[PDB]
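I have a structure I would like to understand better, so I am pasting it below and will then ask my questions one at a time.
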Amino acid sequence: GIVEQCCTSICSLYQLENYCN
Amino acid sequence: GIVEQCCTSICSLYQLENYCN
Amino acid sequence: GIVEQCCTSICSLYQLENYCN
Amino acid sequence: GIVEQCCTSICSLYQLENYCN
Amino acid sequence: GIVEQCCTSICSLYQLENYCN
Amino acid sequence: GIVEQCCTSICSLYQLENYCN
Amino acid sequence: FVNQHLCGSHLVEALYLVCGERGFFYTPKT
Amino acid sequence: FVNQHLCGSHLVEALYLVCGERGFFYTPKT
Amino acid sequence: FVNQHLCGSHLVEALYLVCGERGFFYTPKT
Amino acid sequence: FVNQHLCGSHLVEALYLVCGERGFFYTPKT
Amino acid sequence: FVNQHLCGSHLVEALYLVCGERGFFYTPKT
Amino acid sequence: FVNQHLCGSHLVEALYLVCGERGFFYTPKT
């Protein structure tokens, strides 16, 4: 997932990077 | 109403059309 | 109109009030 | 504070003015 | 591209669908 | 200034940090 | 989490997006 | 820089903010 | 529903709208 | 008037709105 | 308080902000 | 295309995002 983990209490910078292209 | 029904869990496309002008 | 006059350089408070319901 | 009191149920106009510069 | 064609004057619905997953 | 330099073509990360508290 | 007073500002974004060339009446009262 | 079709979504944010407990009619046509 | 970290980005939108020609200090700490 | 770097944040809002239950790939490069 | 369907439109704003010159894949499914 | 009066509401979104746990002073005057 990507939105569930972030739309709860915000994700870490390094976590978002895994979805970056 | 219009905001109460939509700000809860989002409304259907056809529901919004009733408020369109 | 309403958007043309406001999306240019912002409208006055009293101007928006004319569109308020 | 400023965000805690406003991100709950919105603050009053006069309250925000205290943070204005 | 995707942003260049849309951030100019908005894209068509069918155009955006090509980027949908 | 702060908005004039950023609302034009976006500012650098280090530039924004100067306005951070 | 604020309230309708700020949540509705985004409901309208999609609302007129549906209409496109049309408009709509928004009343953040109900 | 898009156009009115996306600029108006933010004009409304302030529009109903002025009204608060009131509503308003928004027509992204003119 | 996120949190203050994203809710405050919209509180400021109205905050400086009130000031208009003035500014304000925003601290997403409390 | 900023640039694509801030304009695209709103293009995506409508982009996934179209998909709804679907997703999409966004590249603010072109 | 809406839902992910409107909350994600702002998650992406920060998402591509991190990438900057890069893109990303957004799927409002999970 | 509006002006700084609406463009700055999004500059701040990224501004405090950088600070995260910190705040910042925003003056839509210059």
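Chains: A, B, C, D, E, F, G, H, I, J, K and L, in written order; residue numbering restarts at 1 for each.
Keep in mind that, in the parts below, a residue touches a chain if its C-beta (ideal position, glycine included) is under 8 Å from a C-beta of that chain, and two chains touch if they have at least 3 such contacts.
Q: If you tally contacting C-beta pairs, which comes out ahead, I-L or E-H? Let me know.
A: Per the contact counts, I-L leads.
Q: Using residue numbers, check each pair in H-I, G-I or I-L against G-H and return the one sharing over half of the contact pairs.
A: I-L
Q: Taking each chain's centre as the mean of its CA atoms, how far is subunit H from subunit K in angstrom?
A: Centre-to-centre distance between subunit H and subunit K: 23 Å.
Q: Between subunit G and subunit J, what distance separates the C-alpha centroids? Give it in angstrom.
A: 19
Q: Per the centroid of Cα atoms for each chain, what is the distance between subunit A and subunit D, given in Å?
A: Roughly 29 Å separates the two chain centres.
Q: Would you pick out the residues of subunit L that each touch at least 2 other chains?
A: Correct list: 1-2, 5-9, 11, 13-14, 17, 19, 22-29.
Q: What positions in subunit F touch 2 or more of the other chains?
A: Within subunit F, the residues that touch at least two other chains are 6-7, 21.
Q: Which stretch or stretches of subunit K touch subunit G in the complex?
A: Contact set of subunit K toward subunit G: 1-2, 6, 9.
Q: Which part of subunit I faces subunit D closely enough to touch in the complex?
A: Those in contact with subunit D are residues 4, 7-8, 11, 14-15, 18-19, 22-30.
Q: Considering only the defined contacts, which subunit H positions touch subunit I in the complex?
A: Listed in rising order, the residues are 13-14, 17.
Q: Please give the residue numbers of subunit L that touch subunit I in the complex, ascending.
A: Checking each residue of subunit L against subunit I gives 5, 8-9, 12-13, 16-17, 19-29.
Q: Spell out the part of subunit E that touches subunit J in their complex, as residue ranges.
A: Residues of subunit E touching subunit J: 1-4, 6-7, 13, 16-17, 19-21.
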